[PDB]
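Q: Pasting in a structure now, in structure tokens, and then I'll have a few things to ask.
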Amino acid sequence: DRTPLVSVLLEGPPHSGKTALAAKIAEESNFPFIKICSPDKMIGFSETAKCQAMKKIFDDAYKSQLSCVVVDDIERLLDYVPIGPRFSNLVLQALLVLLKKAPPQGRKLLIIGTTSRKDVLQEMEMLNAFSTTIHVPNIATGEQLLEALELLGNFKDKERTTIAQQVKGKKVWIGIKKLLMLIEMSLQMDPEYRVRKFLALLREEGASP
Amino acid sequence: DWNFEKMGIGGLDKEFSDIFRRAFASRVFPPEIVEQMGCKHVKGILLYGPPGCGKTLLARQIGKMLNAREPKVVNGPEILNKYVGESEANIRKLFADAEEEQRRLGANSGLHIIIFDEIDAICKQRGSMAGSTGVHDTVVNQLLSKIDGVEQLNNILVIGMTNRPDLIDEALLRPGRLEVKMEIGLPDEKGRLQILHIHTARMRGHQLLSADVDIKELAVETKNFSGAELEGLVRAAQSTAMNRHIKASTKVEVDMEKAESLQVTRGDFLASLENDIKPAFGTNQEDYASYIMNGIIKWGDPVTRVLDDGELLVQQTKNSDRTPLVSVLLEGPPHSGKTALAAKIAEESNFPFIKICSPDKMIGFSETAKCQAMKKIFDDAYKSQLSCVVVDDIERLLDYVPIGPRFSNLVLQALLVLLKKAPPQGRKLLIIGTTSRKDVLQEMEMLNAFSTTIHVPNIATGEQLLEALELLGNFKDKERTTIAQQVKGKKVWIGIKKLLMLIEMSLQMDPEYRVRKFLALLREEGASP
Ligand SMILES: Nc1ncnc2c1ncn2[C@@H]1O[C@H](COP(=O)(O)OP(=O)(O)OP(=O)(O)O)[C@@H](O)[C@H]1O
Ligand SMILES: Nc1ncnc2c1ncn2[C@@H]1O[C@H](COP(=O)(O)OP(=O)(O)O)[C@@H](O)[C@H]1O
């Protein structure tokens, strides 16, 4: 009752799977009113239109005894691009004002964010508004890679052994979505050369943490 | 009576049954039980889909089915007038007969039908902010007041048709107003079969069609036709058959009975298919001739490598379930001929819907117009079971110039967003980009959105240039030997288009002095990366 408004930021490396986890949390919330404010439904909008859309979503969110709103891929809303830099000021000011506005008496709210560039948000003095942050990591060991390959269920036992013998000798750094894409790309060759191409792609993609 | 087929509509099996069940189930049941229950009647429905797929026809047929009076067709753009209180007056004139007849006859009145066409051009979301009210904030208010107001009308039905179902107000779609929504999409094989039967029943009856015409074949041939396209095909075929009959009669003194025997039509169908009808949601054969103009000549292994990689990507995007969206980027030095290979891959794709987006058609356009054009192209691409879209130059769409640097941010955001949006369930897409400056793209952080990259190199050996000259076949044997001896050294660096231009320029001198000019031009050019 002393904290009617809460916030949280989910951040990590790209191709790591943030939106899915945010949606899963929202679904498991069991709240009467759940919404998503994504940037792919505002293609071509100017600044003021985006401001109006965000305000309209939050106005509706303010008319229920409970709520939950997800703002995902913030850096797309702000219109950021490293050259310059350049971005939109009106949207940033609107978001900063809305992140600390209390609903009418007796009602409650919860906001979840998402991003892939934490430092750039830190430079704008934004992390002073979010109450806390959570970190989503990538795959960082051969055992986890083999476990994921098993759970997906693509390769046989002999191929599992062949890949393990070579891949258990060091550490790896790869996201989950990229892993699915690599598997799908590998499966287009003839049955003989599948594992070789998979290993070649994995070696090429591998980079220092 | 339902008999969807008898009425004159084919391919609408479920989008008719659901309508009949949900909306019209309380108009035909015995009045006694309906009155005993005490349930009102639905007050309208909404139809949205691609143009030319048979919406207005369904509205008129529904109107005729219920013994309703003559519908009042209205066009959305025509209601607006520039004086105060003229648009509202027009919107308020359509509901006169219903009010008068209910006031007179009590509760035994008939049924009136009103058809709004392009309902999204007068009814847009109202502006909440003070001082930011729209210009058409009164038409919507008048329409909302009339549809369901203080005085009830229980003898009306409003049918609205549109194409952009997401711009319409949200107070106009609650269960009281226009509470049923339906989608009419492009017909599949069975729908085309039914439509062709409906449109050739008359010719079959009058005994004019040949015995060698097979409707199933023509059903398979047309892949993304709508109804209007099929009807136009039939009419064009019959017209060309008439023209052939007249030509045969005039050319020769043959008996008229022979001409009437020739009145049967077999080749007309294929001729019209290949030369008369141009689908909007189908492959276009007129553009590849304008991009791959001089053809693909195999001068080395790199061409084979690139084509094989493209084929692999296509085969992946066809037969996958975990990746409905795939992207690829062709990058290389200038004048290497990237657009030609991209178009060749697209042509060899064998996909129902192929389109090319290039900046040549956007001269003088402001950035917002370019955004709208790209959005429309992708929106069209989202309506087919398979697709392929080509973005020609990703460096002129941005208006990049090294000084500054200066470019347009909004188009870049549109591109970055549109490379991640997946199509509706079950449909698949493929995107091929073509660029000449990959480093600047990497600076903008666009190179991480793509999936894979392909490299298109230049000629880098003497024997490759000699083989290219052989394939082009311009110079004779002695000049061939002279050139081969001169540049046997493998330190050449030239683009294919530049090679064509140099050959054309060098050919303009007299027969004696032709090799020297070509060699001088080649030497003047660069010789290393
Ligand atoms: N193997 C080949 N690869 C590419 N183009 C070829 C080949 N053989 C012949 N050509 C011809 O070369 C020309 C290719 O020019 P194209 O328009 O693709 O250039 P480009 O690389 O897009 O140019 P720029 O980057 O300067 O805009 C076409 O006439 C094509 O017919
Ligand atoms: N399902 C169908 N079966 C047969 N013909 C159709 C069908 N749908 C459309 N047509 C043809 O298309 C023509 C025009 O359709 P139209 O009413 O203009 O559609 P829209 O509402 O998209 O403008 C009609 O005259 C009709 O012959």
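Chains: A, B, ... in order of the structure tokens. Residues: from 1 per chain. Ligands: from 1, in order shown.
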What residues in chain A lie within 7 Å of chain B, counting only C-alpha atoms, written as a CSV table (one decimal) with N, CA, C and O atoms, in the first residue's frame?

A:
```
chain,number,residue,atom,x,y,z
A,40,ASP,N,6.4,-1.6,-33.6
A,40,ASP,CA,6.2,-2.0,-35.0
A,40,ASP,C,4.8,-1.7,-35.5
A,40,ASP,O,4.4,-2.0,-36.7
A,43,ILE,N,4.8,2.5,-37.6
A,43,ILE,CA,5.7,2.7,-38.7
A,43,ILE,C,5.4,4.0,-39.5
A,43,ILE,O,4.3,4.1,-40.0
A,44,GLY,N,6.4,4.9,-39.5
A,44,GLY,CA,6.2,6.1,-40.2
A,44,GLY,C,5.6,7.3,-39.4
A,44,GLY,O,5.5,8.4,-39.9
A,81,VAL,N,20.4,6.5,-33.1
A,81,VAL,CA,21.3,6.1,-34.1
A,81,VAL,C,22.7,6.7,-33.7
A,81,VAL,O,22.8,7.9,-33.5
A,82,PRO,N,23.7,5.8,-33.7
A,82,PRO,CA,25.0,6.3,-33.1
A,82,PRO,C,25.6,7.5,-33.8
A,82,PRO,O,26.2,8.3,-33.2
A,83,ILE,N,25.5,7.6,-35.2
A,83,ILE,CA,26.1,8.7,-35.9
A,83,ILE,C,25.3,9.9,-35.4
A,83,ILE,O,24.0,9.9,-35.4
A,188,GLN,N,20.0,-27.7,-44.2
A,188,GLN,CA,19.6,-27.7,-45.6
A,188,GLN,C,20.6,-28.5,-46.5
A,188,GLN,O,20.3,-28.7,-47.6
```

Q: Env of residue 112 (chain A): 7 Å cut, atoms = only C-alpha atoms, seq-sep filter 3 positions within chain, self excluded. Answer as a PyMOL selection string.

A: chain A and resi 7-9+69-71

Q: With C-alpha atoms retained, write the just-selected residues as a PDB file, in the first residue's frame.

A:
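Result file follows (part_10.pdb):
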```pdb
ATOM      1  CA  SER A   7       9.039  -0.627 -12.468  1.00  0.00           C
ATOM      2  CA  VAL A   8      11.733  -2.970 -13.765  1.00  0.00           C
ATOM      3  CA  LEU A   9      14.167  -3.071 -16.689  1.00  0.00           C
ATOM      4  CA  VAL A  69       1.957  -2.487 -19.287  1.00  0.00           C
ATOM      5  CA  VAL A  70       5.000  -3.618 -21.283  1.00  0.00           C
ATOM      6  CA  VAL A  71       7.227  -1.154 -23.147  1.00  0.00           C
TER       7      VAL A  71
END
```

Q: For residue 94 (chain A), find every residue with an atom within 9 Å (counting only C-alpha atoms), except residues of its own chain fewer than 6 positions away, and show them as a ChimeraX atom specification.

A: /A:51,54-55

Q: Can you write just those residues out, N, CA and C atoms, as an mmCIF file, in the first residue's frame?

A:
```cif
data_model
loop_
_atom_site.group_PDB
_atom_site.id
_atom_site.type_symbol
_atom_site.label_atom_id
_atom_site.label_comp_id
_atom_site.auth_asym_id
_atom_site.auth_seq_id
_atom_site.Cartn_x
_atom_site.Cartn_y
_atom_site.Cartn_z
ATOM 1 N N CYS A 51 3.702 10.271 -29.102
ATOM 2 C CA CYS A 51 3.317 10.770 -27.785
ATOM 3 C C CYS A 51 1.842 10.503 -27.509
ATOM 4 N N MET A 54 1.152 6.698 -26.828
ATOM 5 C CA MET A 54 1.563 6.280 -25.492
ATOM 6 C C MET A 54 0.604 6.818 -24.437
ATOM 7 N N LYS A 55 0.227 8.094 -24.559
ATOM 8 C CA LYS A 55 -0.684 8.678 -23.585
ATOM 9 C C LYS A 55 -2.026 7.960 -23.595
#
```

Q: Report as a PDB file with C-alpha atoms, in the first residue's frame all protein, DNA and RNA residues lying within 9 Å of residue 31 (chain A), evaluated on only C-alpha atoms, omitting residues in the same chain fewer than 6 positions from it.

A:
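Writing the result to around_4.pdb gives the following:
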```pdb
ATOM      1  CA  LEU A  66      -5.099  -3.602 -11.525  1.00  0.00           C
ATOM      2  CA  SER A  67      -2.947  -3.340 -14.632  1.00  0.00           C
ATOM      3  CA  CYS A  68       0.306  -4.266 -16.349  1.00  0.00           C
TER       4      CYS A  68
END
```

Q: Please tabulate, as a tab-separated table, the residues of chain B that come within 10 Å of ligand 1, each with its closest pair of atoms and the distance in Å to one decimal, counting only C-alpha atoms and all ligand atoms and ordering rows by chain, then residue number upward.

A:
```
residue	atom	partner	partner_atom_place_in_ligand_line	distance
B:289	CA	ligand 1	31 (O)	9.4
B:290	CA	ligand 1	29 (O)	9.3
B:291	CA	ligand 1	17 (O)	6.4
B:292	CA	ligand 1	31 (O)	4.6
B:293	CA	ligand 1	31 (O)	4.6
B:294	CA	ligand 1	31 (O)	3.5
B:295	CA	ligand 1	31 (O)	4.2
B:296	CA	ligand 1	8 (N)	4.1
B:297	CA	ligand 1	8 (N)	4.3
B:298	CA	ligand 1	1 (N)	5.7
B:299	CA	ligand 1	1 (N)	6.6
B:300	CA	ligand 1	1 (N)	8.4
B:302	CA	ligand 1	1 (N)	8.8
B:303	CA	ligand 1	1 (N)	6.2
B:304	CA	ligand 1	1 (N)	9.4
B:331	CA	ligand 1	21 (O)	9.5
B:332	CA	ligand 1	21 (O)	8.3
B:333	CA	ligand 1	25 (O)	7.6
B:334	CA	ligand 1	25 (O)	4.6
B:335	CA	ligand 1	21 (O)	4.1
B:336	CA	ligand 1	21 (O)	4.5
B:337	CA	ligand 1	21 (O)	3.0
B:338	CA	ligand 1	21 (O)	4.4
B:339	CA	ligand 1	18 (O)	4.2
B:340	CA	ligand 1	18 (O)	4.1
B:341	CA	ligand 1	4 (C)	5.9
B:342	CA	ligand 1	18 (O)	8.5
B:343	CA	ligand 1	18 (O)	8.9
B:344	CA	ligand 1	4 (C)	9.4
B:392	CA	ligand 1	22 (O)	8.3
B:393	CA	ligand 1	27 (O)	8.0
B:434	CA	ligand 1	22 (O)	8.3
B:435	CA	ligand 1	25 (O)	7.7
B:436	CA	ligand 1	25 (O)	6.4
B:437	CA	ligand 1	25 (O)	10.0
B:456	CA	ligand 1	3 (N)	8.8
B:457	CA	ligand 1	3 (N)	10.0
B:458	CA	ligand 1	3 (N)	9.7
B:468	CA	ligand 1	8 (N)	8.8
B:471	CA	ligand 1	8 (N)	9.7
B:472	CA	ligand 1	9 (C)	9.1
B:495	CA	ligand 1	21 (O)	8.4
B:496	CA	ligand 1	12 (O)	5.9
B:497	CA	ligand 1	12 (O)	5.1
B:498	CA	ligand 1	12 (O)	8.9
B:499	CA	ligand 1	12 (O)	9.1
B:500	CA	ligand 1	12 (O)	7.8
```

Q: At a cut-off of 9 Å around ligand 2, and using only C-alpha atoms and all ligand atoms, what residues come up? Please write them as a PyMOL selection string.

A: chain B and resi 5+8-12+49-59+117+161+187+191-192+194-196+198-199+226-232

Q: Next, the residues of the selection above should be written as a PDB file, in the first residue's frame with C-alpha atoms.

A:
```
ATOM      1  CA  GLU B   5     -23.341 -21.165 -54.895  1.00  0.00           C
ATOM      2  CA  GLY B   8     -23.550 -16.192 -57.691  1.00  0.00           C
ATOM      3  CA  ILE B   9     -20.659 -16.306 -55.209  1.00  0.00           C
ATOM      4  CA  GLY B  10     -18.014 -19.049 -55.259  1.00  0.00           C
ATOM      5  CA  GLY B  11     -15.241 -19.638 -52.746  1.00  0.00           C
ATOM      6  CA  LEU B  12     -17.148 -18.047 -49.840  1.00  0.00           C
ATOM      7  CA  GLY B  49     -10.331  -7.294 -47.527  1.00  0.00           C
ATOM      8  CA  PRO B  50      -8.281  -6.680 -50.662  1.00  0.00           C
ATOM      9  CA  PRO B  51     -10.088  -4.768 -53.415  1.00  0.00           C
ATOM     10  CA  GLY B  52     -11.719  -6.714 -56.212  1.00  0.00           C
ATOM     11  CA  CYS B  53     -12.552  -9.856 -54.213  1.00  0.00           C
ATOM     12  CA  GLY B  54     -16.353  -9.592 -54.200  1.00  0.00           C
ATOM     13  CA  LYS B  55     -17.661  -7.484 -51.305  1.00  0.00           C
ATOM     14  CA  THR B  56     -20.339  -5.233 -52.832  1.00  0.00           C
ATOM     15  CA  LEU B  57     -21.812  -8.238 -54.642  1.00  0.00           C
ATOM     16  CA  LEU B  58     -22.281 -10.003 -51.305  1.00  0.00           C
ATOM     17  CA  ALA B  59     -23.946  -6.914 -49.827  1.00  0.00           C
ATOM     18  CA  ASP B 117     -18.367   2.347 -49.215  1.00  0.00           C
ATOM     19  CA  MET B 161     -16.963  -1.922 -46.316  1.00  0.00           C
ATOM     20  CA  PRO B 187      -9.451 -17.415 -53.316  1.00  0.00           C
ATOM     21  CA  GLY B 191     -12.572 -21.009 -55.259  1.00  0.00           C
ATOM     22  CA  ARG B 192     -11.057 -20.410 -58.688  1.00  0.00           C
ATOM     23  CA  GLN B 194     -16.049 -22.612 -58.672  1.00  0.00           C
ATOM     24  CA  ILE B 195     -15.731 -19.105 -60.124  1.00  0.00           C
ATOM     25  CA  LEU B 196     -14.700 -20.449 -63.530  1.00  0.00           C
ATOM     26  CA  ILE B 198     -19.978 -19.894 -62.650  1.00  0.00           C
ATOM     27  CA  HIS B 199     -18.538 -17.702 -65.412  1.00  0.00           C
ATOM     28  CA  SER B 226      -8.988 -12.442 -57.908  1.00  0.00           C
ATOM     29  CA  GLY B 227     -12.511 -12.753 -59.279  1.00  0.00           C
ATOM     30  CA  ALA B 228     -12.324  -9.686 -61.506  1.00  0.00           C
ATOM     31  CA  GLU B 229      -9.153 -11.038 -63.110  1.00  0.00           C
ATOM     32  CA  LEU B 230     -10.837 -14.355 -63.935  1.00  0.00           C
ATOM     33  CA  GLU B 231     -13.909 -12.681 -65.434  1.00  0.00           C
ATOM     34  CA  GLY B 232     -11.703 -10.370 -67.493  1.00  0.00           C
TER      35      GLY B 232
END
```

Q: Mind checking which residues fall within 10 Å of residue 11 (chain A), counting only C-alpha atoms, ignoring those fewer than 3 positions away in the same chain, and posting them as a list in words?

A: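 My reading of the contact set: residues 8, 14, 16, 17, 18, 73, 113, 114, 115, 116, 117, 118, 133, 134, 135, 136 and 137 of chain A.
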
Q: Mind checking which residues fall within 9 Å of region 98-101 of chain B, counting only C-alpha atoms, ignoring those fewer than 2 positions away in the same chain, and posting them as number ranges by chain?

A: B: 94-96, 103-106, 109-112, 153, 155-156

Q: Keeping only N, CA and C atoms, write the selected residues as a PDB file, in the first residue's frame.

A:
```pdb
ATOM      1  N   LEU B  94     -29.856  10.069 -45.112  1.00  0.00           N
ATOM      2  CA  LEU B  94     -30.049   8.656 -45.411  1.00  0.00           C
ATOM      3  C   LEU B  94     -31.041   7.977 -44.475  1.00  0.00           C
ATOM      4  N   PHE B  95     -31.233   8.500 -43.265  1.00  0.00           N
ATOM      5  CA  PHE B  95     -32.094   7.879 -42.268  1.00  0.00           C
ATOM      6  C   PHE B  95     -33.477   8.515 -42.196  1.00  0.00           C
ATOM      7  N   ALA B  96     -34.007   9.011 -43.316  1.00  0.00           N
ATOM      8  CA  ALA B  96     -35.316   9.657 -43.289  1.00  0.00           C
ATOM      9  C   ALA B  96     -36.440   8.642 -43.460  1.00  0.00           C
ATOM     10  N   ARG B 103     -42.486   5.699 -37.661  1.00  0.00           N
ATOM     11  CA  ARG B 103     -43.449   6.576 -37.006  1.00  0.00           C
ATOM     12  C   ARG B 103     -44.863   6.321 -37.506  1.00  0.00           C
ATOM     13  N   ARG B 104     -45.013   5.952 -38.780  1.00  0.00           N
ATOM     14  CA  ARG B 104     -46.354   5.740 -39.318  1.00  0.00           C
ATOM     15  C   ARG B 104     -46.884   4.345 -38.993  1.00  0.00           C
ATOM     16  N   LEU B 105     -46.157   3.301 -39.390  1.00  0.00           N
ATOM     17  CA  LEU B 105     -46.672   1.937 -39.368  1.00  0.00           C
ATOM     18  C   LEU B 105     -46.432   1.210 -38.049  1.00  0.00           C
ATOM     19  N   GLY B 106     -45.813   1.852 -37.067  1.00  0.00           N
ATOM     20  CA  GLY B 106     -45.630   1.193 -35.782  1.00  0.00           C
ATOM     21  C   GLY B 106     -44.544   0.136 -35.850  1.00  0.00           C
ATOM     22  N   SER B 109     -43.129  -2.397 -39.797  1.00  0.00           N
ATOM     23  CA  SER B 109     -42.421  -1.778 -40.904  1.00  0.00           C
ATOM     24  C   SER B 109     -41.536  -2.798 -41.616  1.00  0.00           C
ATOM     25  N   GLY B 110     -41.043  -2.401 -42.785  1.00  0.00           N
ATOM     26  CA  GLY B 110     -40.152  -3.230 -43.568  1.00  0.00           C
ATOM     27  C   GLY B 110     -38.720  -3.119 -43.083  1.00  0.00           C
ATOM     28  N   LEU B 111     -37.795  -3.493 -43.962  1.00  0.00           N
ATOM     29  CA  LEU B 111     -36.368  -3.459 -43.670  1.00  0.00           C
ATOM     30  C   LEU B 111     -35.667  -2.567 -44.685  1.00  0.00           C
ATOM     31  N   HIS B 112     -34.850  -1.643 -44.190  1.00  0.00           N
ATOM     32  CA  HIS B 112     -34.068  -0.744 -45.024  1.00  0.00           C
ATOM     33  C   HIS B 112     -32.589  -1.077 -44.881  1.00  0.00           C
ATOM     34  N   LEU B 153     -34.383   2.942 -33.454  1.00  0.00           N
ATOM     35  CA  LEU B 153     -34.817   2.395 -34.731  1.00  0.00           C
ATOM     36  C   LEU B 153     -34.566   0.894 -34.718  1.00  0.00           C
ATOM     37  N   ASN B 155     -35.672  -1.192 -37.346  1.00  0.00           N
ATOM     38  CA  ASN B 155     -35.967  -1.663 -38.695  1.00  0.00           C
ATOM     39  C   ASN B 155     -34.902  -1.176 -39.672  1.00  0.00           C
ATOM     40  N   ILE B 156     -33.631  -1.294 -39.284  1.00  0.00           N
ATOM     41  CA  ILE B 156     -32.523  -0.825 -40.105  1.00  0.00           C
ATOM     42  C   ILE B 156     -31.375  -1.823 -40.039  1.00  0.00           C
TER      43      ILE B 156
END
```

Q: Considering only C-alpha atoms, can you say which of A:105, A:84, A:58, A:75 comes closest to residue 1 (chain A)?

A: A:105

Q: Please return as a compact mmCIF listing (two decimals) with N, CA and C atoms, in the first residue's frame: the residues of region 1-113 of chain A that backbone DSSP assigns to strand (DSSP E).

A:
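result_38.txt, freshly written:
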```
# COMPACT_ATOMS: atom_id res chain seq x y z
N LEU A 5 3.09 1.93 -7.39
CA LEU A 5 3.64 1.92 -8.74
C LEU A 5 5.04 1.32 -8.70
N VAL A 6 5.29 0.35 -9.58
CA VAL A 6 6.55 -0.38 -9.61
C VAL A 6 7.09 -0.36 -11.04
N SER A 7 8.39 -0.62 -11.17
CA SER A 7 9.04 -0.63 -12.47
C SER A 7 10.20 -1.61 -12.44
N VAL A 8 10.63 -2.03 -13.63
CA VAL A 8 11.73 -2.97 -13.77
C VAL A 8 12.23 -2.91 -15.20
N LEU A 9 13.53 -3.09 -15.38
CA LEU A 9 14.17 -3.07 -16.69
C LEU A 9 14.86 -4.40 -16.94
N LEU A 10 14.55 -5.02 -18.08
CA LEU A 10 15.21 -6.24 -18.53
C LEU A 10 16.19 -5.86 -19.64
N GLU A 11 17.46 -6.18 -19.45
CA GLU A 11 18.50 -5.78 -20.39
C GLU A 11 19.56 -6.86 -20.48
N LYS A 35 -1.41 -5.35 -21.46
CA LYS A 35 -1.26 -4.64 -22.72
C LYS A 35 0.21 -4.66 -23.11
N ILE A 36 0.47 -4.46 -24.40
CA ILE A 36 1.82 -4.34 -24.94
C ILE A 36 1.86 -3.12 -25.85
N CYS A 37 2.93 -2.32 -25.72
CA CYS A 37 3.14 -1.13 -26.53
C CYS A 37 4.43 -1.31 -27.31
N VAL A 69 1.63 -3.06 -17.99
CA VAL A 69 1.96 -2.49 -19.29
C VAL A 69 3.41 -2.80 -19.61
N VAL A 70 3.67 -3.23 -20.84
CA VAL A 70 5.00 -3.62 -21.28
C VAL A 70 5.44 -2.65 -22.37
N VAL A 71 6.58 -1.99 -22.15
CA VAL A 71 7.23 -1.15 -23.15
C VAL A 71 8.51 -1.86 -23.55
N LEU A 109 -0.50 -0.31 -10.45
CA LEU A 109 0.05 -0.40 -11.79
C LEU A 109 1.42 -1.05 -11.73
N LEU A 110 1.85 -1.61 -12.86
CA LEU A 110 3.15 -2.25 -12.98
C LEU A 110 3.64 -2.08 -14.41
N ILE A 111 4.91 -1.69 -14.56
CA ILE A 111 5.51 -1.43 -15.87
C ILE A 111 6.77 -2.27 -16.00
N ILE A 112 6.93 -2.92 -17.15
CA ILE A 112 8.12 -3.70 -17.47
C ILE A 112 8.74 -3.13 -18.73
N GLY A 113 10.06 -2.93 -18.70
CA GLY A 113 10.77 -2.40 -19.85
C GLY A 113 11.66 -3.43 -20.51
```
